[PDB]
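Asks: Once you've had a glance at the structure underneath, I'll fire off some questions.
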Amino acid sequence: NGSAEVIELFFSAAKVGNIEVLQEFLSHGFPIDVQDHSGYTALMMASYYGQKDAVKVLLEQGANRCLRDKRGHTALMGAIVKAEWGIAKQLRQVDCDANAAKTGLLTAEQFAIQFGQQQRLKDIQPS
């Protein structure tokens, strides 16, 4: 259990692309999938702000890209809604809605429909 305040230290470094602080936090065992008050994860933050290189390292260090904030949103969805389609392509290589039918959980195609970006998400969907 980490307090509300280092979470934002962690999340600030991701928001700014401070990749060196990210790995520093992790290398001393800071939980990479930690979620603040709003259910946000560091990876969500980095995708929102378009910081590619913090997405690459965050995933390489094992960030679970299928966690959901308290509105049911994923890092993939944040990329969609900020038009960050390079990060979107990376995050969509792992399908967070494979078991949707069972879970009933909000899917990234449905979210894309709500915003008109459905064709693009399709285009970056894996083969």
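Residues are named by chain letter and number: chains run A, B, ... in the order of the structure tokens, numbers start at 1 in each chain, and ligands are numbered from 1 in the order shown.
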Using only C-alpha atoms, which residues sit within 12 Å of range 104-117 of chain A once same-chain residues fewer than 3 positions away are excluded, as JSON, numbers by chain?

Replies: {"A": [66, 67, 68, 69, 70, 71, 72, 73, 74, 75, 76, 77, 78, 79, 80, 81, 82, 83, 84, 85, 88, 91, 92, 94, 95, 96, 97, 98, 99, 100, 101, 120, 121, 122, 123, 124, 125]}

Asks: Here is a test: counting only C-alpha atoms, which residue of A:49, A:40, A:11, A:86 is nearest to residue 65 in chain A?

Replies: A:40

Asks: I'd like to know which of A:90, A:64, A:23, A:38 is closest to residue 10 in chain A, using only C-alpha atoms.

Replies: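 The shortest atom-to-atom distance to residue 10 in chain A comes from A:23.
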
Asks: Excluding residue 2 in chain A and any residue of its chain fewer than 2 positions from it, enumerate the residues within 12 Å of it, using only C-alpha atoms, and give them as number ranges by chain.

Replies: A: 4-10, 25, 29-37

Asks: Write out as number ranges by chain the residues lying within 10 Å of residue 17 in chain A, counting only C-alpha atoms and excluding same-chain residues fewer than 4 positions away.

Replies: A: 11-13, 21-22, 45-46, 49-55

Asks: Could you please write out, as a PyMOL selection string, every residue of chain A that DSSP assigns to alpha helix (DSSP H)?

Replies: chain A and resi 4-15+19-27+42-48+52-60+75-81+85-91+100-103+108-115+118-123

Asks: May I have the selected residues written with C-alpha atoms, as a PDB file, in the first residue's frame?

Replies:
ATOM      1  CA  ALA A   4      -1.920   8.967  -2.440  1.00  0.00           C
ATOM      2  CA  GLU A   5       1.173  11.176  -2.753  1.00  0.00           C
ATOM      3  CA  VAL A   6       3.878   8.897  -4.162  1.00  0.00           C
ATOM      4  CA  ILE A   7       1.262   7.630  -6.602  1.00  0.00           C
ATOM      5  CA  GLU A   8       1.266  11.118  -8.086  1.00  0.00           C
ATOM      6  CA  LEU A   9       5.067  11.264  -7.922  1.00  0.00           C
ATOM      7  CA  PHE A  10       4.986   8.015  -9.869  1.00  0.00           C
ATOM      8  CA  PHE A  11       2.212   9.290 -12.117  1.00  0.00           C
ATOM      9  CA  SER A  12       3.896  12.698 -12.612  1.00  0.00           C
ATOM     10  CA  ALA A  13       7.023  11.016 -13.947  1.00  0.00           C
ATOM     11  CA  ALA A  14       4.870   9.064 -16.404  1.00  0.00           C
ATOM     12  CA  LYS A  15       2.858  12.154 -17.430  1.00  0.00           C
ATOM     13  CA  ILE A  19      11.481   7.427 -17.911  1.00  0.00           C
ATOM     14  CA  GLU A  20      14.490   7.481 -15.541  1.00  0.00           C
ATOM     15  CA  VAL A  21      12.296   8.059 -12.463  1.00  0.00           C
ATOM     16  CA  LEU A  22       9.906   5.402 -13.681  1.00  0.00           C
ATOM     17  CA  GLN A  23      12.533   2.657 -13.774  1.00  0.00           C
ATOM     18  CA  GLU A  24      14.002   3.987 -10.521  1.00  0.00           C
ATOM     19  CA  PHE A  25      10.628   3.584  -8.810  1.00  0.00           C
ATOM     20  CA  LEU A  26      10.179   0.128 -10.292  1.00  0.00           C
ATOM     21  CA  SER A  27      13.709  -1.052  -9.634  1.00  0.00           C
ATOM     22  CA  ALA A  42       0.736   5.022 -14.545  1.00  0.00           C
ATOM     23  CA  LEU A  43       0.277   3.458 -18.002  1.00  0.00           C
ATOM     24  CA  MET A  44      -3.076   5.238 -18.427  1.00  0.00           C
ATOM     25  CA  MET A  45      -1.356   8.539 -17.535  1.00  0.00           C
ATOM     26  CA  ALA A  46       1.419   7.984 -20.062  1.00  0.00           C
ATOM     27  CA  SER A  47      -1.030   7.154 -22.829  1.00  0.00           C
ATOM     28  CA  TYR A  48      -3.231  10.145 -22.097  1.00  0.00           C
ATOM     29  CA  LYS A  52       5.309   6.872 -26.207  1.00  0.00           C
ATOM     30  CA  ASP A  53       8.564   5.949 -24.567  1.00  0.00           C
ATOM     31  CA  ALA A  54       6.965   5.670 -21.134  1.00  0.00           C
ATOM     32  CA  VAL A  55       4.375   3.320 -22.631  1.00  0.00           C
ATOM     33  CA  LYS A  56       7.088   1.071 -24.125  1.00  0.00           C
ATOM     34  CA  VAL A  57       9.059   0.819 -20.861  1.00  0.00           C
ATOM     35  CA  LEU A  58       5.953   0.553 -18.682  1.00  0.00           C
ATOM     36  CA  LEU A  59       4.712  -2.441 -20.667  1.00  0.00           C
ATOM     37  CA  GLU A  60       8.189  -3.967 -20.918  1.00  0.00           C
ATOM     38  CA  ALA A  75      -5.195   2.927 -21.364  1.00  0.00           C
ATOM     39  CA  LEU A  76      -6.229   1.873 -24.873  1.00  0.00           C
ATOM     40  CA  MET A  77      -9.378   3.968 -24.582  1.00  0.00           C
ATOM     41  CA  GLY A  78      -7.472   7.021 -23.397  1.00  0.00           C
ATOM     42  CA  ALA A  79      -5.201   6.779 -26.412  1.00  0.00           C
ATOM     43  CA  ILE A  80      -8.278   6.666 -28.677  1.00  0.00           C
ATOM     44  CA  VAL A  81      -9.810   9.740 -27.134  1.00  0.00           C
ATOM     45  CA  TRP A  85      -2.871   6.210 -32.418  1.00  0.00           C
ATOM     46  CA  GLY A  86       0.757   5.121 -32.246  1.00  0.00           C
ATOM     47  CA  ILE A  87       0.336   4.252 -28.586  1.00  0.00           C
ATOM     48  CA  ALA A  88      -3.082   2.876 -29.516  1.00  0.00           C
ATOM     49  CA  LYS A  89      -1.478   0.417 -31.948  1.00  0.00           C
ATOM     50  CA  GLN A  90       0.951  -0.809 -29.295  1.00  0.00           C
ATOM     51  CA  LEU A  91      -1.691  -1.265 -26.603  1.00  0.00           C
ATOM     52  CA  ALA A 100     -16.217  -9.582 -22.980  1.00  0.00           C
ATOM     53  CA  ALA A 101     -19.383 -11.676 -23.610  1.00  0.00           C
ATOM     54  CA  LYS A 102     -18.733 -13.237 -20.220  1.00  0.00           C
ATOM     55  CA  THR A 103     -17.675 -10.158 -18.305  1.00  0.00           C
ATOM     56  CA  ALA A 108     -12.787  -0.531 -26.764  1.00  0.00           C
ATOM     57  CA  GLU A 109     -14.872  -0.810 -29.940  1.00  0.00           C
ATOM     58  CA  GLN A 110     -17.942   0.404 -28.069  1.00  0.00           C
ATOM     59  CA  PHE A 111     -15.961   3.298 -26.578  1.00  0.00           C
ATOM     60  CA  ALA A 112     -14.676   4.045 -30.091  1.00  0.00           C
ATOM     61  CA  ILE A 113     -18.241   4.189 -31.431  1.00  0.00           C
ATOM     62  CA  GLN A 114     -19.141   6.764 -28.768  1.00  0.00           C
ATOM     63  CA  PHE A 115     -16.440   9.013 -30.261  1.00  0.00           C
ATOM     64  CA  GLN A 118     -14.302   3.042 -34.691  1.00  0.00           C
ATOM     65  CA  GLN A 119     -12.798   2.687 -38.148  1.00  0.00           C
ATOM     66  CA  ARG A 120      -9.393   3.720 -36.881  1.00  0.00           C
ATOM     67  CA  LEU A 121      -9.445   1.278 -33.991  1.00  0.00           C
ATOM     68  CA  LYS A 122     -10.400  -1.382 -36.498  1.00  0.00           C
ATOM     69  CA  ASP A 123      -7.498  -0.408 -38.721  1.00  0.00           C
TER      70      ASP A 123
END
